[PDB]
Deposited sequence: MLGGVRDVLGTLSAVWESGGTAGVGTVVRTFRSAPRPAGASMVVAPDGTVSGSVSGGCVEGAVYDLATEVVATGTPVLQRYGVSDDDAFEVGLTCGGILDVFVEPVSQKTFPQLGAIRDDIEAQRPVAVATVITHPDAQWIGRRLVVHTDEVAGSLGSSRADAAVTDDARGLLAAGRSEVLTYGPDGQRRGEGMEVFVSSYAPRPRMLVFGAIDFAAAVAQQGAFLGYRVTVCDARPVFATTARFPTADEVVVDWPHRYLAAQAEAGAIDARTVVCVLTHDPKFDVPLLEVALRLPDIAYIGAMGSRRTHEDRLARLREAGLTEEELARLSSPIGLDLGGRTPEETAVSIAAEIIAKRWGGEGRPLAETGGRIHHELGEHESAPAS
């Protein structure tokens, strides 16, 4: 979200200065910039970031300037496409937690910021909560408000999603009049590819293209090699099931994590799938195979003790069934399946 311009925003913050920050909070009609996109105006008048495809930057720039002066935050609607921009003043006084959020982001700790952008009681506006998996700071001004937003915020966060939530003026689910924006900062989600066959390269590009960090992993050191996968974030040599087990235990995999089994060697894929099919959920567990391979794996897996409920979590054969033949088409059919299964 503010990731692009955060360095600039921090420098203002640390230096005791006050920045005008505008955040796209809602988009309609395919407005150029997604929800969360930011624009920051430094004390000296410099602006980094973008909120629109230039279409309303001038307006927002002025709005940000005025906001710093009055110190009153403002939700503004512009309207190709309709944009909702929240403009707020940001400084050590107005936002004490910003330094720590900056550190969370660097340290890869998920964190979310929930800001009231609409409320019948003008004083509520601009109040915010900083949410972690395990803790929460600040107050909206009501336990019931704080309680609901915290829960919803953690959910979005776990999913890495940014969104506007609506409530009654005191936090009632389903009522109306209070809206809050939740801006989630989760680290890049990861894709784990087990089996360093040539085809992994193709899988890894689709992963990169979708914004996953791809780890490629294989027990055979000839296969699992930086040289053969120069674009993968990381190449590892291990027993796939030992690697996966360890990431689980270290909390290095979360619910957006995606796993591809590109091996049908019984020495590997069965221990692997025993670990993977039993993990409190993660987004996707796919296994590459023709229809023959897929039926023989399922058999082996049943014989290994997997239950139908566990087996259900498995996407096999891998990919949507688009009819593709070349490996590139299989790779796209996989990417398509990943997207589909999360929406």
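Judged by missing C-alpha atoms, the gaps in the deposited chain sequence fall at residues 1 to 3, 83 to 95, 360 to 386, listed in sequence order.
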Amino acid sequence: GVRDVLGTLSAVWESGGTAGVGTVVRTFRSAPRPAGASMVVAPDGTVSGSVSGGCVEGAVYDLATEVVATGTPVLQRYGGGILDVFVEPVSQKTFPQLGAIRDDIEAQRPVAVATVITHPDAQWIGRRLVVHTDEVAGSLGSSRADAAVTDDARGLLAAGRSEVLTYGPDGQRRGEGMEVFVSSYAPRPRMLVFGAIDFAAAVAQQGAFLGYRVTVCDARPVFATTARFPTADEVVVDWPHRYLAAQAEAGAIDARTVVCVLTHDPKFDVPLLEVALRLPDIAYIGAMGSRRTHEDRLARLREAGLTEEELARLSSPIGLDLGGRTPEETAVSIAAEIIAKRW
From here on, numbers count along this sequence of modelled residues.
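Legend: mean Cα B-factor per stretch from the PDB entry, 166 to 174 versus 143 to 151; the higher mean is in 166 to 174. Relative to its counterpart among 113 to 121 and 191 to 199, 113 to 121 has the higher mean temperature factor, C-alpha atoms as listed in the PDB entry.
Across the options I318, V56, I282, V41, the residue with the most elevated CA B-factor in the record is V56. Comparing the listed residues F209, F268, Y243, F229, the entry records the largest Cα B-factor for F229. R77: CA B factor lies in the lowest third for its chain, per the PDB record. Ranked against the other modelled residues of its chain, the C-alpha B-factor of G286 as given in the entry falls in the lowest third.
When the modelled residues of the chain are ordered by C-alpha B-factor, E303 sits in the lowest third. When all modelled residues of the chain are sorted by CA temperature factor, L6 is found within the highest third.
In this PDB entry, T133 carries a Cα temperature factor that places it within the highest third of its chain's modelled residues.
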